[PDB]
2 protein chains.
Amino acid sequence: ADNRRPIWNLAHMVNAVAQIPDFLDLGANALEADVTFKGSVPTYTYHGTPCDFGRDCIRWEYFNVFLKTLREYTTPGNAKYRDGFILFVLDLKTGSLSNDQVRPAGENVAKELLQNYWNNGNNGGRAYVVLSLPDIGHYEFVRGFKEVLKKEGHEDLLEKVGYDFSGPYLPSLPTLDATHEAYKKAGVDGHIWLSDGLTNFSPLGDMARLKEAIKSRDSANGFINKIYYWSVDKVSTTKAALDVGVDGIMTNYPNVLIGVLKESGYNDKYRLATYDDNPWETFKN
Amino acid sequence: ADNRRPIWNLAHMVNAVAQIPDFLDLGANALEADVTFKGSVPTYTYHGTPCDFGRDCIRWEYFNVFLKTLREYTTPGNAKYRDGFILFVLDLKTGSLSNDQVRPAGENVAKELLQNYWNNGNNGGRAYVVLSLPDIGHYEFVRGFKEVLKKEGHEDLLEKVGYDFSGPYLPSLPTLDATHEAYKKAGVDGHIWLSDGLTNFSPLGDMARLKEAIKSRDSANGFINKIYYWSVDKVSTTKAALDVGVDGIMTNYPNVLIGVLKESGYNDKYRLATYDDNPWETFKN
Ligand SMILES: [Mg+2]
Ligand SMILES: [Mg+2]
């Protein structure tokens, strides 16, 4: 019945477990954590400096512990279960990996999620997971990731997994075509999130990039399911993001979007996504 | 005769060759470049987002081309020669290396510098180089680095090389003692720079840490030769940094320090370092 676009309110840079309920309390239905690697081994949730103004940059957790904690918050029946916490983005810091490390990294992240988040399929967390890779050329990470899940007999868990290949930002930003191709190379034919944020390096081209992405998402044979925009932290920019048609707002202050979604106008066009909003489904209305 | 503290005016985040002369023109006598790695292979000069307000974050160059350009700007007689450009800091982004990739990374950077910067001692660039590593545990990088120079018969080029081991930030920042020990582990017994101010995740302990570092540098048994404070971009903070006793200012706007150094009550205490100021020599008060 509801014709409003479901919005993911993604708490930005939530790398310490103590912060999780705090961001969820502010109204986030999703969070983003930065997954650091030591070689192919996903090691910490940790962003580091520099980071957004008004944020401490160095909060962290062991990756395993972070995932186990996400599981608690997203397992129905758990004492800590938050039914409003529906998705998390793993901002996978694979940018320094050698080529030989990319597939094993994907395998290692799969193993981590399987063991720690999905608990080997034994009543795991129900939240959707977006694997956000910073290089379209890292699609072997996804191939390895998928291969682990399939080999361990949990291919069904890929229902819960989405992908966002962005970058690299040098020597140039990938075009949408290139991105789409990267997905095909990864064997990804759905569950695709596109983010737009980090680079405000070519303002008029970035305005164009966002609109191009939105148009692509909303196009006949589009491949992008959701678009999220990051560090939207003010009412004005939150409204702008919603009004341009994004599905996801990544923000340091999830309460902002909550307030905006209450507002006249906004409240008849956009709504906070719930678990029953398939994050892999392109919004049409 | 001149008893003023020589100051390194380090242009922050200069990752594109086109930026080099612009920063030097603003008055920097030094610059800092972020050296990215793909496994153990130094690949780009490139910082990436997020970065300082007022800065584009994604300027870049291939590492060798960057080094070649630095060589040009610092080889007497070269068309591009800048006699006032006396040091650069390689902010080596080894944070994601596996333990096994650390030494080879050091070896690789040594080879790059040897071939492309120093040209094997055949009238290469004259600037001093600070190898800035983000983990005191990465001392093998320096061991590998020194090994290469020594093996290739260019141990003398270590006269031009200094070291700044800091971090990592997790679980805590290392003590000065731990940092000193890391130098010992690298076989580094001089040419030590310490940088402060990347984070202010504990303002009180941050203040104390700088004062401790300064005290340590200025102690008879000290190991720190120079202290640089990073992102100091305003006159007020510039003056504050000089007044607290740092030897170096890392800044997005080298012109600020240039103006400060002209001011009364600064111009009699501090001066812009020149090539004849040994950056490995602790300033004696
Ligand atoms: Mg992130
Ligand atoms: Mg840097």
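Side chains included, hydrogens not; waters and symmetry mates left out as well; all remaining heavy atoms used. In listed order, ligands and their atoms are each counted from 1. Numbers restart at 1 for each chain; the letters A, B, ... are given by sequence-line order, proteins then strands.
The nearest N/O/S atom of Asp34(A) to the Mg ion (ligand 1) is OD1. Distances from the Mg ion (ligand 1) to each N, O or S atom of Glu32(A) single out OE2 as the nearest. Nearest N, O or S atom of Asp91(A) to the Mg ion (ligand 1): atom OD2.
Note on ring orientation: taking the six-membered ring where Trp is involved, the planes of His191(B) and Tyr163(B) are parallel (angle under 30°, cut-offs 30° and 60°).
Aromatic pair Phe165(B)/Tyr183(B): centroids less than 6.0 angstrom apart.
Taking the ring axis of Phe37(B) as reference, the NZ or CZ atom of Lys93(B) does not stay both within 45° of it and closer than 6.0 Å to the ring centre.
The heavy-atom pair separating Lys226(A) from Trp193(A) by the smallest distance is CG-NE1, 3.1 Å.
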